[PDB]
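Coordinates in review
Spelled out, the chains give:
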Amino acid sequence: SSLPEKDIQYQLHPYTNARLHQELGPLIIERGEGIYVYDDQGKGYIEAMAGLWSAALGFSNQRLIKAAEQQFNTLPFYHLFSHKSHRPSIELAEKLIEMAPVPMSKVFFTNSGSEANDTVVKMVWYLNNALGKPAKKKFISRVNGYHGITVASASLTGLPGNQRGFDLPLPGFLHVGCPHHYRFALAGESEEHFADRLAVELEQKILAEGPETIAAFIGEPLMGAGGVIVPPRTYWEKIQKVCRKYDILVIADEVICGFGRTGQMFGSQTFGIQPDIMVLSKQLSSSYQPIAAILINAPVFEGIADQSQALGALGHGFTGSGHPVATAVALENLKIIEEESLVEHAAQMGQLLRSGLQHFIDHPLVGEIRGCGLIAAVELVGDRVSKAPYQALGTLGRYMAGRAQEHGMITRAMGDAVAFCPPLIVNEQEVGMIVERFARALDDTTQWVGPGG
Amino acid sequence: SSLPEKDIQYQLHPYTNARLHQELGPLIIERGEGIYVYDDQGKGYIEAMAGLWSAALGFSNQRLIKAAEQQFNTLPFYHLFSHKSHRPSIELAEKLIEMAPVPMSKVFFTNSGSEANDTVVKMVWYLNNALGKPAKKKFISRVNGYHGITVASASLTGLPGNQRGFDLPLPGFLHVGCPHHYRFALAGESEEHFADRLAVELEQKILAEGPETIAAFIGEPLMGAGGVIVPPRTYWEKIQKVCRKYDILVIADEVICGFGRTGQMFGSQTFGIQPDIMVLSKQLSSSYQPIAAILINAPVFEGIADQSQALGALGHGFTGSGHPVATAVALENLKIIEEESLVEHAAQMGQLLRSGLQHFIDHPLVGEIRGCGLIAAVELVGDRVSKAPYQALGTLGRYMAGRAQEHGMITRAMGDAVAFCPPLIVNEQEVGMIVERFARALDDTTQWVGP
Ligand SMILES: Cc1ncc(COP(=O)(O)O)c(CN)c1O
Ligand SMILES: *Cc1c(COP(=O)(O)O)cnc(C)c1O
C-alpha cells in the first residue's frame, strides 16, 4: 500500500473537495529547508505562502528546534489551571505585553486562532454580564473577513464558503461591508469617501440593532484569506470613532498581520488601530507549534477578574493553553525576529516584491496589485474596464496557482487573486525567484486565455 | 521582577479565581520526570492526575522527545489544506483506523478536544443538510458531562460552572440526566432500573422535541471532569437502542477514556458502545503535543464527502490540523503503549489503586469510592446518611486537594470528589504512595472538620 493510497483511504482533508481528493490523491510534502519544501518525488517549491501565512523563520530554523528539545527534556507538558504555571508561559506573556503596540494587561493562551476568537467571544459576553449589561452581546465583523472556523468564530468569519451548509452564522453575529475599494466603491468614489460610507453603514447597523446590544467590532487590520484586502485610507480611524462613540470594543485579529508581516511589528501599528483586544498566532511560533494568544487591556481584564471571583473561578481553558513546548518555541521565535531585525528586513523585501510585481501593472489580465509589507496579491480579471472574470470567478486564480506550482512555487488563490506571504527570512534573490515564477505562471495563463486587445 | 510576580502581572489563568491569583500567585512547575513534577522550590509531587488526565507516558519519555526532534529536522510545519499531506498525519490516521474498536472510515485532526467536538457539531449539521434533513440538528448530552469549552462544545458540556456568565447553552443543545447512581437513583432503585429510567427520560425528550429534529447523542463512556462517574450497568446498551430507534448518531467522547485509561484500549470497549463518531485527545500524545482526532464511520463520511464536492470544498480546518510534529509524537506515543503493553499494566495498577482506596470505605467522611481501570475518585461528604456536603458543596474537595499537595501529590477536586488518573507507567509502590498521600490528606481533612 502506497503513502498516497493510505492518505486517500484514511484522511479527511480540511479545505479540500473529498471526492476530488479520492480521484487525484494528495501532494505529499516530505521535507522543508529555508523557504523551500520538497515533495516525495524530490521536487522543490518556494513556499511563497510560508505554509499558511505563518512560517516566519522558514522550514528549518535550528534555534526553534533546540528550544523545543530543551523544554521537552525539562517539562514536556503541564498546564495553567488552578494557579499552576511555568516559566515559558510566564516569560512569553511578559514579552507579548512588553511588545504590545498599546497598553495591554494580560495574556490568555490557546492552541488556535479559531479557539482564540471563540474565546474572545465568550470573554466579551462574560465581561458585559459582569458589568451588568446583559443585552450588550452582539458582534460585528465584515464580509470576506476570516476569523476561524469554530461554530462561533465561523460566524465571525464573513466568507460564505465557511458558512454554507453549516447553519451559520449564529444569531447575534452581524456583518457589515468588505472594505475593498476595487470591488465595492461606487464608480468615481474616493478611498476617503468609501471609508465615510463604510463608517456610516456601521453607525446605521448599530442604531438599527440598538447600540445597547452591540458588544464588539472585530477586524483583521488587512484581510488575509479573503484576498489580501488593504482597507481604504482613513477606514480604521473613522470606524474606531464610531466604535468609541457607542462604547463598542475594538478587536484586532492579528493572526496573520502579527510579527512583521505588514511593514511594522503589528497591523495595528501599520493602520493606526488602538484595539482593546488583540489575537495572535501563526508567526507567533512560525507555526512550529500550535499556539495562539489573546491580549486584553486593563478594563477587559478587571471586569473578567471580578466576575471570576464572584463565580469561584474562570470556567474556561484548554488542556493545551500555554503548553510549555509551544510557548517555549514561540518565545525563541520572537527573540529571533528581534535579534535579526526581521521586521525591517521584511519591509525591505516587501518593497522588492511589490516593485517586481508592478512590472505587470499594465498587463491585460491584471486588475489590481495590492499589499503592504511582505503580504501581497495580484488579482487577475478577464476585462479590466468591467473587472469581470474570465469564465467563472476563480478560473484565472486556479489556473495561475496550478502553473505556479508547476514552476516550483506554492501560492494560494483566493478567487482570482494569487497571494504572496513568504517567510520573513526570504532574501533579495529569492524575492526575484518568486516574481520570476509568478511571471512564468502569468505568461502560461496569458497564452491559455489569449486576451488579444 | 521575580517569576511569580511576572505571572501575576501578565497571565490570565484558566480555571482560576483571578483576584485570588493576584494575591497568592502561582505554583510554578519547573520540571518533570516519570510520574513526578517539581516546583521552583525543588519540591517533588506525584502527578496523580497525569497533568490533565493526559500524560500517559509520564513527564520524561525520551522516545516521544526524539520523535519530535526527528520530525522537526525533517519538516517542522506543514498543513493538510487543498490536497496537501505528509507522512506522519497519514501514518497516524492509518493507525487510528486500524485500532478503532468499531469499523471507521476517516480521521480528521484538530488541536484540541474542544475544537474536535465543536467540529463534530458542524460536521453533523453539514451531514444532515447534505441528506436533506434540515431540521435534524439538535444535540443531546448529559448533566455533568464535559466536552470542551468553545461556545458550542461548552453547550454540549453539562457543568454549570462552564455555562454561568457565558450565556450558554446555545439553543439546540439539550441535556438529559447524569447517570450517577449514588446521587440520582431513587431510594431502593437498582442500577438496571436506574438505567431503564434514564433510557425512558431520553425517549421522552426525543418525542417531546420531535425525533425528526434530533441529530445526535454525545457521551463520555464514563464522565471524567464531572466526577469520574461510572454509568450504571446496562446504561449504554439501553441508551443505544433508543438512539438507533430514532436514527440518532452516537458520539463517544473518548478524550479521557482513550488509550488504556478504563481497563481496555477504549471506553467504548469497556462499556459496549458502538459509536458512529469517536473523539480522541490527551493520551493520544501524552499531551506532549496539542492534538485531537475525530474518527467518523462510512455513512458520516460519504454524506460529508458528497456535500464537500457540491460546495467546492469542505470549508473547515485549523492551521494546526494534523501538524506533523504533533502527529509524529502521537504516532510514537501509541506505538509505545502497544509495545510496552500498558493497557494491561494500567489495568493491574488500577486494581491496586482501587483496592487500596477501599480500606477507607467506612470512613465517616467518605460517601462513595468509584472508578474502573486506572481512573478513580473518592467523594467526600459531611454526612453519609443524607449525603450532604460539609458547609457547602466543594469545601471538602478543595481542602483535600490542598492537603494532598502539601503531602506531595497533585489531585483535582471535582466538587467534593478527588480524582486519580495517574500516568499509565505508574508502578506498584507508586500506587501505594498515591494511596498513602491520599490517606494523609484525609486524616488532615478529618482533623479540620473535627468535633
Ligand atoms: C472528556 C473531554 N472532552 C473534551 C475535552 C476538551 O479538551 P481540550 O481541553 O483539549 O479542549 C476535555 C478536556 N478536559 C475532556 O475531559
Ligand atoms: C487562519 C486564520 C485564523 C484561524 O486560526 P486557526 O489556528 O487556523 O484556527 C484566524 N484568524 C485569521 C485572520 C486567520 O488568517
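Positions along each chain are numbered from 1 by the written sequence. They may not match the entry numbering, and residues without coordinates are not shown. Just so you know, chain letters begin at A and ligand numbers begin at 1, following the order they were written in. Side-chain figures throughout are based on the complete set of non-hydrogen atoms in the structure, without hydrogens or water.

The deposited coordinates, according to the entry record, derive from X-ray crystallography at 2.50 Å resolution.

Taking the PDB entry as the reference, chain B is identified by name as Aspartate aminotransferase family protein belonging to Pseudomonas sp.

Labelled according to the PDB entry, chain A appears under the name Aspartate aminotransferase family protein, originating from Pseudomonas sp.

**Remarks on the site of ligand 1**
Within the structure, ligand 1 sits among 13 residues, and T319(A), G113(B), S114(B), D253(B) and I256(B) are positioned closest to it. With respect to ligand 1, its neighbouring residues span chains A and B. Residues adjacent in sequence count toward polar contacts only when both atoms are side-chain atoms; beyond that, a polar contact is any pair of N or O atoms within 3.5 Å, and within protein one must be able to donate a hydrogen and the other to accept it. Side-chain polar atom of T319(A) to an oxygen atom of ligand 1: 2.6 Å apart, as the coordinates give it. In this structure, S114(B) approaches ligand 1 through a side-chain N or O atom, which is 2.5 Å from an oxygen atom. Note on areas: Shrake-Rupley, 1.4 Å probe, and residue coverage restricted to the protein chains presented here. Considered on its own, ligand 1 offers 400 Å² of accessible surface; in the complex 95% of this is hidden by protein. Nearness of a residue to a molecule or strand requires only that one of the residue's heavy atoms be within 4 Å of it.

**Quick word on the domain arrangement of chain B**
All names here are of chain B. Segmentation into domains, and thus their bounds, comes from an automatic or database assignment. The domain architecture assigned to chain B consists of domain 1 (1-60 + 341-451) and domain 2 (61-340). With centres defined by C-alpha atoms, the gap from domain 1 to domain 2 works out at 26 Å. At the junction of the two partners, domain 1 supplies 34 residues and domain 2 supplies 37 residues. When domain 1 packs against domain 2, close to 2,800 Å² is buried across both sides, 57% of that on carbon and sulfur atoms. Defined in terms of a 1.4 Å probe, buried area is the accessible area two parts forfeit on being brought together, summed over both. Considering only the surface of domain 1 that becomes buried against domain 2, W53, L57 and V343 emerge as the three largest contributors, covering 22% of it. Criterion for a salt bridge: a side-chain nitrogen of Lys or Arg within 4 Å of a carboxyl oxygen of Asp or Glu. Our count for the domain 1 to domain 2 interface comes out at one salt bridge. Here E379 makes a salt bridge to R183, at a shortest N to O gap of 2.9 Å. Where domain 1 touches domain 2, the interface holds 22 residue pairs in polar contact. In what follows, a contact means two residues having at least one pair of non-hydrogen atoms within 4.5 Å.

**Details of the nonpolar core**
By size, the foremost hydrophobic cluster in this structure holds 138 residues, and its most contacted members are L96(A), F259(A), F420(A), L96(B), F259(B), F420(B) and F438(B). Side-chain atoms within 4.5 Å are what join buried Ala, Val, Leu, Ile, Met, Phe, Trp, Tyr and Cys residues into a set we call a nonpolar core. Between buried and exposed lies partly exposed: a residue is buried under 20% and exposed over 50% of the maximum accessible area for its type, with that area taken using a 1.4 Å probe on protein chains only. Core analysis: the second largest hydrophobic core is formed by 72 residues, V124(A), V121(B), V151(B) and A215(B) among them.

**Side note on the domain arrangement of chain A**
Bring the parts together and some accessible area is lost; that lost area is often taken as the interface size. Residues and elements named next belong to chain A. As assigned here, chain A comprises domain 1 (1-60 + 341-453) and domain 2 (61-340). Each partner contributes to the interface: domain 1 provides 34 residues, whereas domain 2 provides 37 residues. Per-residue buried area on domain 1 facing domain 2 is highest for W53, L57 and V343; these three make up 22% of the total on that side. At the junction of domain 1 with domain 2, the criterion picks out one salt bridge.

**Section: the packing of helix α1 (residues 3-10) of chain A against helix α5 (residues 87-98) of chain B**
A pair of packed helices is captured by two measures, namely the crossing angle of their axes and the spacing between those axes. Orientation is described by lines fitted to C-alpha atoms, with helices fitted over the stretch in contact, and by angles between N-to-C directions that extend from 0 to 180 degrees. The secondary structure listing takes helices from DSSP runs of H or I that are at least 4 residues long and strands from runs of E that are at least 2 residues long, numbered from the N terminus. Packing of α1(A) against α5(B) leaves a shortest axis separation of 9 Å and a crossing angle of 55°. As judged from the angle between their axes, α1(A) and α5(B) are oblique. Considering only the axes of α1(A) and α5(B), their crossing is left-handed. For the pair α1(A) and α5(B), contact is made by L3(A), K6(A), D7(A) and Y10(A) and by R87(B), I90(B), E91(B), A93(B), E94(B) and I97(B), respectively. Under the grouping applied here, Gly and all other residues not named as nonpolar or charged are polar, the nonpolar ones being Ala, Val, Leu, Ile, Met, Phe, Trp, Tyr, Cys and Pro and the charged ones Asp, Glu, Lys and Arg. When its residues are assigned to classes, the contact of α1(A) with α5(B) shows five nonpolar, no polar and five charged. In these notes the angle categories are as follows: under 35 degrees is roughly parallel, over 145 is roughly antiparallel, 65 to 115 is roughly perpendicular, and the rest is oblique. For any helix crossing, the convention is left-handed if the near helix is rotated counterclockwise from the far helix by under a right angle, and right-handed if that rotation is clockwise.

**Looking at the interface of chain A and chain B**
If you look at the interface, chain A gives 119 residues, while chain B gives 120 residues. Of the roughly 10,600 Å² buried between chain A and chain B on both sides combined, carbon and sulfur atoms contribute 61%. There are eight salt bridges connecting chain A and chain B. Of the charged contacts in the structure, one is a salt bridge between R19(A) and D306(B), with a shortest N-O distance of 2.9 Å. Where chain A meets chain B, there are 73 residue pairs in polar contact. Top element by residues in the side of chain A that touches chain B is helix α6 (residues 113-130) of chain A. It accounts for nine residues. Among the residues making up the side of chain A that touches chain B, the classes are represented as 55 nonpolar, 42 polar and 22 charged. With two bridges joining them, strand β4 (residues 84-85) of chain A and strand β1 (residues 27-33) of chain B adopt parallel strand pairing. Of the residues in β1(B), the one forming a bridge with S85(A) is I28(B). DSSP-based pairing: two strands are paired if at least 2 bridges between them are found.

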